[PDB]
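Structure 1 and structure 2, given next as structure tokens, are two forms of the same protein chain, each shown alone.
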Structure 1
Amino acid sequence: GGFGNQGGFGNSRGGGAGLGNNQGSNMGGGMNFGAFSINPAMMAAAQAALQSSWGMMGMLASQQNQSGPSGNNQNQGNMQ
């Protein structure tokens, strides 16, 4: 019942793996995630823009504006 509720996860002998119950939100743009593993190796590189939105009885006569990244330089070295 009600409005906009979200239940719990991983309880009462929890188990499994994943991503769940996201409303109006953003996940990424250069990110690594590792749990319960042996000798993981991960590389990520991103040039990105992300925009998101959720509205109930709302988001009315409104506005959301974004200009992306422009004109940058970046250097990351080695890992031996």
Structure 2
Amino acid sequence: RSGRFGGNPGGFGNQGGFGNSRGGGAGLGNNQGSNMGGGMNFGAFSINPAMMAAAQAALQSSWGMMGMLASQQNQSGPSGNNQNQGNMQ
């Protein structure tokens, strides 16, 4: 057994004011042989976020436990494309 994470509860008491936090958890954990990105925005529990992303990319991944024996992965990336995106006003 492996890859455990504990809880982050809020606890006992009142809360007031501006931009405070108690307990909570955020991030990227326990992923196996996976790809995340190549042009991606992620936003949660937030006030007025603004985000811009632009990517020309190639990603390749692999995980094996008594696996990937006498095998092959082959990838050729994007070639010769044209793309235009307008304004947000």
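Residue 1 is the first residue of structure 1, and the numbers go on in sequence order from there. Shifts are known only where both forms have a C-alpha. Take the two forms, find the largest set of C-alpha atoms that superpose within 1.5 Å, and that set is the rigid core.
Handout entry: Mobile residue between structures 1 and 2, C-alpha criterion 2 Å or more, rigid core, from 25, 62, 72, 11
Key = After core superposition, the one over threshold is 11.
Problem - Core-aligned CA shift between structures 1 and 2 for residue 35 (Å) - result: For residue 35, the C-alpha ends up 0.4 Å from its position in the other form.
Exercise for the section: Note down every stretch of 3+ consecutive residues with C-alpha shifts of 2 Å or more between structures 1 and 2, superposition done on the rigid core, in sequence order. Expected result: Run shifting 2 Å or more: just 1 to 15.
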